[PDB]
Amino acid sequence: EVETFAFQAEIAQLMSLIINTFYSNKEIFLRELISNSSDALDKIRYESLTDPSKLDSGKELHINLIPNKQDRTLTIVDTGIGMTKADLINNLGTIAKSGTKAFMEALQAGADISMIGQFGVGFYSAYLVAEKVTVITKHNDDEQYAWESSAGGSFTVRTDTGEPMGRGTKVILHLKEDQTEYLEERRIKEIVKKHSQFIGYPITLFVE
Ligand SMILES: CCOc1ccc(-c2c(C#N)c(N)nc3sc(C(N)=O)c(N)c23)cc1
């Protein structure tokens, strides 16, 4: 059922730095994840241009933002290309190793955490607001998996069942207890307006 993996050392160190470096501009996590989602949607679109059957598992290309005050969760769902088990495990499809170095080198020379996305590792900016991240993904080529990590150097992957998605990725952010501003409709609206207002795909902010 549950496999447990070690992050490579460079990723564990990055994560450790994201969780530990004093940095109040936490709101950028949302832009980085919406922008990962948009990238994932570009990919399935581009692929469906010459094989229209890949849109068989869902034709709308969109992004949903779902807050839940009770679970203390913010979920970013896209119907993008999804990941296979191999992608998930290879740093969620990322070049996280050479990226984390390129990035940590950009810090050294006067970059700040907000540029993380420039090096292909914007994903880990979720750990600015989340104590645990869960990623549920389904790629046409594979079944549905759950990836999960509360940092500490390891992640798990299991196959996921019960709420099939069809195609795409859900990043479920289990928020730190002082970061519940990001469950607020006004707050989420403002951030999207401010950081993602020209995204190629509809974004729908769910109501509670
Ligand atoms: C180390 C962080 O780098 C990441 C981590 C996750 C994503 C990602 C995210 C994110 N975040 C996402 N929502 N979907 C996908 S699909 C995909 C692929 N087909 O390979 C991804 N890589 C991906 C993108 C970059």
# chains A, B, ... in the order shown; residues from 1 in each chain; ligands from 1

$ select_by_dssp --residues "stretch 5-161 of chain A" --states "strand (DSSP E)" --output "PyMOL selection string"
chain A and resi 5-6+63-68+73-78+130-138+144-149+154-159

$ write_last_selection --atoms "N, CA and C atoms" --output "compact mmCIF listing (two decimals), in the first residue's frame"
# COMPACT_ATOMS: atom_id res chain seq x y z
N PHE A 5 9.89 7.21 0.65
CA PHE A 5 11.14 7.58 -0.04
C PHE A 5 11.89 8.70 0.75
N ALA A 6 13.22 8.72 0.64
CA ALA A 6 14.05 9.88 1.01
C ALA A 6 14.13 10.97 -0.04
N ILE A 63 -8.49 25.53 -13.78
CA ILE A 63 -7.88 25.55 -12.48
C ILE A 63 -8.95 25.85 -11.45
N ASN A 64 -9.08 25.00 -10.43
CA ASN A 64 -9.98 25.35 -9.32
C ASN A 64 -9.19 25.59 -8.03
N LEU A 65 -9.64 26.60 -7.26
CA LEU A 65 -9.08 26.90 -5.94
C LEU A 65 -10.18 26.60 -4.94
N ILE A 66 -9.94 25.63 -4.05
CA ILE A 66 -10.98 25.16 -3.11
C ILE A 66 -10.45 25.29 -1.69
N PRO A 67 -10.96 26.28 -0.94
CA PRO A 67 -10.68 26.45 0.49
C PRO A 67 -11.62 25.63 1.38
N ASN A 68 -11.11 25.10 2.49
CA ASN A 68 -12.01 24.41 3.43
C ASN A 68 -11.66 24.77 4.89
N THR A 73 -7.66 23.44 4.84
CA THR A 73 -6.96 23.07 3.58
C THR A 73 -7.21 24.07 2.45
N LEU A 74 -6.19 24.33 1.62
CA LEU A 74 -6.42 25.02 0.35
C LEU A 74 -6.01 24.08 -0.78
N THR A 75 -6.95 23.77 -1.66
CA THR A 75 -6.65 22.77 -2.68
C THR A 75 -6.58 23.47 -4.02
N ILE A 76 -5.47 23.27 -4.75
CA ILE A 76 -5.33 23.76 -6.13
C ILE A 76 -5.46 22.54 -7.06
N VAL A 77 -6.59 22.47 -7.79
CA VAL A 77 -6.89 21.40 -8.75
C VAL A 77 -6.72 21.93 -10.18
N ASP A 78 -5.99 21.19 -11.04
CA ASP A 78 -5.96 21.48 -12.49
C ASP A 78 -6.34 20.21 -13.29
N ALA A 130 2.21 25.56 4.29
CA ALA A 130 1.65 24.30 4.58
C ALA A 130 2.58 23.48 5.44
N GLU A 131 2.02 22.84 6.46
CA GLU A 131 2.77 21.86 7.24
C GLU A 131 2.78 20.46 6.55
N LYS A 132 1.82 20.17 5.68
CA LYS A 132 1.81 18.90 5.00
C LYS A 132 1.25 19.22 3.64
N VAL A 133 1.85 18.66 2.59
CA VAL A 133 1.29 18.77 1.24
C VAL A 133 0.91 17.34 0.77
N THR A 134 -0.26 17.23 0.17
CA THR A 134 -0.68 16.04 -0.51
C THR A 134 -0.96 16.36 -1.97
N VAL A 135 -0.43 15.52 -2.86
CA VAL A 135 -0.63 15.67 -4.33
C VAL A 135 -1.36 14.44 -4.87
N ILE A 136 -2.59 14.61 -5.32
CA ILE A 136 -3.28 13.50 -5.95
C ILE A 136 -3.17 13.75 -7.48
N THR A 137 -2.64 12.81 -8.26
CA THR A 137 -2.41 13.01 -9.72
C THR A 137 -2.87 11.79 -10.55
N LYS A 138 -3.39 12.04 -11.75
CA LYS A 138 -3.74 10.96 -12.69
C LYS A 138 -3.27 11.37 -14.09
N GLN A 144 -4.20 6.40 -10.59
CA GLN A 144 -4.20 7.57 -9.71
C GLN A 144 -3.33 7.32 -8.43
N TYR A 145 -2.32 8.17 -8.20
CA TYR A 145 -1.53 8.13 -6.94
C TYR A 145 -1.65 9.33 -6.02
N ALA A 146 -1.40 9.10 -4.74
CA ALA A 146 -1.21 10.15 -3.76
C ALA A 146 0.26 10.22 -3.33
N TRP A 147 0.86 11.41 -3.49
CA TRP A 147 2.15 11.74 -2.96
C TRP A 147 1.96 12.57 -1.68
N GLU A 148 2.84 12.41 -0.72
CA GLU A 148 2.63 13.21 0.45
C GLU A 148 3.90 13.44 1.21
N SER A 149 4.01 14.61 1.88
CA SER A 149 5.18 14.99 2.67
C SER A 149 4.86 16.10 3.66
N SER A 154 11.53 12.99 4.09
CA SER A 154 10.94 11.86 3.32
C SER A 154 9.58 12.20 2.79
N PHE A 155 9.18 11.47 1.74
CA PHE A 155 7.84 11.51 1.20
C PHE A 155 7.32 10.07 1.02
N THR A 156 5.99 9.91 0.98
CA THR A 156 5.40 8.64 0.63
C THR A 156 4.60 8.80 -0.66
N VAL A 157 4.46 7.67 -1.35
CA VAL A 157 3.52 7.48 -2.44
C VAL A 157 2.66 6.21 -2.21
N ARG A 158 1.33 6.34 -2.27
CA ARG A 158 0.42 5.19 -2.43
C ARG A 158 -0.50 5.35 -3.68
N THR A 159 -1.09 4.25 -4.15
CA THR A 159 -2.09 4.37 -5.18
C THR A 159 -3.32 4.98 -4.49

$ residues_near_ligand --ligand "ligand 1" --cutoff "10 Å" --atoms "only C-alpha atoms and all ligand atoms" --output "NGL selection string"
:A and (11 or 14-15 or 29-30 or 32-44 or 63 or 76-84 or 86-88 or 90-97 or 99-100 or 116-117 or 119-126 or 135-139 or 168-171)

$ write_last_selection --atoms "C-alpha atoms" --output "PDB file, in the first residue's frame"
ATOM      1  CA  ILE A  11      15.796  18.911  -1.976  1.00  0.00           C
ATOM      2  CA  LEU A  14      15.875  23.403   0.073  1.00  0.00           C
ATOM      3  CA  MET A  15      12.696  22.398   1.843  1.00  0.00           C
ATOM      4  CA  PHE A  29       3.166  30.157  -3.017  1.00  0.00           C
ATOM      5  CA  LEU A  30      -0.179  30.566  -4.785  1.00  0.00           C
ATOM      6  CA  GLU A  32       3.902  29.277  -8.112  1.00  0.00           C
ATOM      7  CA  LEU A  33       1.336  26.509  -7.920  1.00  0.00           C
ATOM      8  CA  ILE A  34      -1.178  28.138 -10.331  1.00  0.00           C
ATOM      9  CA  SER A  35       1.821  28.565 -12.655  1.00  0.00           C
ATOM     10  CA  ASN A  36       2.801  24.874 -12.316  1.00  0.00           C
ATOM     11  CA  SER A  37      -0.877  24.029 -13.118  1.00  0.00           C
ATOM     12  CA  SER A  38      -0.885  26.314 -16.171  1.00  0.00           C
ATOM     13  CA  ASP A  39       2.376  24.580 -17.415  1.00  0.00           C
ATOM     14  CA  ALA A  40       0.623  21.153 -16.999  1.00  0.00           C
ATOM     15  CA  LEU A  41      -2.317  22.453 -19.018  1.00  0.00           C
ATOM     16  CA  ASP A  42      -0.095  23.741 -21.792  1.00  0.00           C
ATOM     17  CA  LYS A  43       1.347  20.172 -22.017  1.00  0.00           C
ATOM     18  CA  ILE A  44      -1.953  18.331 -22.386  1.00  0.00           C
ATOM     19  CA  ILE A  63      -7.881  25.547 -12.477  1.00  0.00           C
ATOM     20  CA  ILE A  76      -5.333  23.756  -6.130  1.00  0.00           C
ATOM     21  CA  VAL A  77      -6.891  21.401  -8.754  1.00  0.00           C
ATOM     22  CA  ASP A  78      -5.959  21.484 -12.490  1.00  0.00           C
ATOM     23  CA  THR A  79      -7.061  19.226 -15.370  1.00  0.00           C
ATOM     24  CA  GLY A  80      -3.533  19.349 -16.740  1.00  0.00           C
ATOM     25  CA  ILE A  81      -1.384  16.494 -18.014  1.00  0.00           C
ATOM     26  CA  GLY A  82      -0.964  14.802 -14.580  1.00  0.00           C
ATOM     27  CA  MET A  83       2.030  12.813 -13.466  1.00  0.00           C
ATOM     28  CA  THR A  84       2.858   9.115 -13.578  1.00  0.00           C
ATOM     29  CA  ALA A  86       7.747   7.789 -11.987  1.00  0.00           C
ATOM     30  CA  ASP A  87       7.218  11.557 -12.422  1.00  0.00           C
ATOM     31  CA  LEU A  88       5.872  11.863  -8.905  1.00  0.00           C
ATOM     32  CA  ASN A  90      11.375  12.012  -9.619  1.00  0.00           C
ATOM     33  CA  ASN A  91      10.859  15.180  -7.648  1.00  0.00           C
ATOM     34  CA  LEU A  92       7.310  15.632  -9.040  1.00  0.00           C
ATOM     35  CA  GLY A  93       8.612  15.818 -12.645  1.00  0.00           C
ATOM     36  CA  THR A  94      11.193  18.361 -11.579  1.00  0.00           C
ATOM     37  CA  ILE A  95      14.948  18.915 -12.080  1.00  0.00           C
ATOM     38  CA  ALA A  96      14.950  19.674  -8.336  1.00  0.00           C
ATOM     39  CA  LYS A  97      18.579  18.773  -7.780  1.00  0.00           C
ATOM     40  CA  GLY A  99      17.529  23.592  -9.763  1.00  0.00           C
ATOM     41  CA  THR A 100      18.009  23.743  -5.988  1.00  0.00           C
ATOM     42  CA  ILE A 116      12.316  30.286  -6.668  1.00  0.00           C
ATOM     43  CA  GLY A 117      10.024  29.683  -9.590  1.00  0.00           C
ATOM     44  CA  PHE A 119      14.693  27.516 -11.254  1.00  0.00           C
ATOM     45  CA  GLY A 120      11.951  24.942 -11.675  1.00  0.00           C
ATOM     46  CA  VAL A 121      11.286  24.314  -7.994  1.00  0.00           C
ATOM     47  CA  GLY A 122       8.461  26.723  -7.262  1.00  0.00           C
ATOM     48  CA  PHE A 123       6.497  23.692  -6.084  1.00  0.00           C
ATOM     49  CA  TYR A 124       8.330  23.576  -2.759  1.00  0.00           C
ATOM     50  CA  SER A 125       7.113  27.081  -1.992  1.00  0.00           C
ATOM     51  CA  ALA A 126       3.994  25.409  -0.615  1.00  0.00           C
ATOM     52  CA  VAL A 135      -0.629  15.669  -4.328  1.00  0.00           C
ATOM     53  CA  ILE A 136      -3.280  13.501  -5.950  1.00  0.00           C
ATOM     54  CA  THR A 137      -2.407  13.012  -9.722  1.00  0.00           C
ATOM     55  CA  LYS A 138      -3.736  10.961 -12.690  1.00  0.00           C
ATOM     56  CA  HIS A 139      -1.896  10.889 -16.044  1.00  0.00           C
ATOM     57  CA  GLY A 168      -4.795  16.170 -13.671  1.00  0.00           C
ATOM     58  CA  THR A 169      -3.301  17.150 -10.261  1.00  0.00           C
ATOM     59  CA  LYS A 170      -4.688  18.319  -6.927  1.00  0.00           C
ATOM     60  CA  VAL A 171      -2.245  19.948  -4.564  1.00  0.00           C
TER      61      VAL A 171
END

$ select_by_dssp --residues "stretch 70-159 of chain A" --states "helix (DSSP H, G or I)" --output "PyMOL selection string"
chain A and resi 85-89+91-93+96-108+113-119+122-128

$ write_last_selection --atoms "C-alpha atoms" --output "short mmCIF file (atom, residue, chain, number, x, y, z; two decimals), in the first residue's frame"
data_model
loop_
_atom_site.label_atom_id
_atom_site.label_comp_id
_atom_site.auth_asym_id
_atom_site.auth_seq_id
_atom_site.Cartn_x
_atom_site.Cartn_y
_atom_site.Cartn_z
CA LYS A 85 4.28 7.29 -10.50
CA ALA A 86 7.75 7.79 -11.99
CA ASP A 87 7.22 11.56 -12.42
CA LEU A 88 5.87 11.86 -8.90
CA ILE A 89 8.88 10.13 -7.49
CA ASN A 91 10.86 15.18 -7.65
CA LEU A 92 7.31 15.63 -9.04
CA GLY A 93 8.61 15.82 -12.65
CA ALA A 96 14.95 19.67 -8.34
CA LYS A 97 18.58 18.77 -7.78
CA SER A 98 20.39 21.07 -10.29
CA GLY A 99 17.53 23.59 -9.76
CA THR A 100 18.01 23.74 -5.99
CA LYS A 101 21.69 24.45 -6.58
CA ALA A 102 21.12 27.00 -9.30
CA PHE A 103 18.53 28.56 -6.86
CA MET A 104 20.67 28.36 -3.72
CA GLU A 105 23.40 29.99 -5.83
CA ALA A 106 20.99 32.77 -6.84
CA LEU A 107 20.22 33.34 -3.19
CA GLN A 108 23.91 33.59 -2.26
CA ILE A 113 12.77 33.48 -2.12
CA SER A 114 10.21 34.97 -4.57
CA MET A 115 12.40 33.97 -7.56
CA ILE A 116 12.32 30.29 -6.67
CA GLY A 117 10.02 29.68 -9.59
CA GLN A 118 12.74 30.78 -12.07
CA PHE A 119 14.69 27.52 -11.25
CA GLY A 122 8.46 26.72 -7.26
CA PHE A 123 6.50 23.69 -6.08
CA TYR A 124 8.33 23.58 -2.76
CA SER A 125 7.11 27.08 -1.99
CA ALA A 126 3.99 25.41 -0.61
CA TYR A 127 5.98 24.69 2.51
CA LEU A 128 5.94 28.49 3.13
#

$ closest_residue --among "A:140, A:20, A:70, A:204" --to "residue A:167" --atoms "only C-alpha atoms"
A:140

$ closest_residue --among "A:178, A:112, A:187, A:196" --to "residue A:21" --atoms "only C-alpha atoms"
A:112
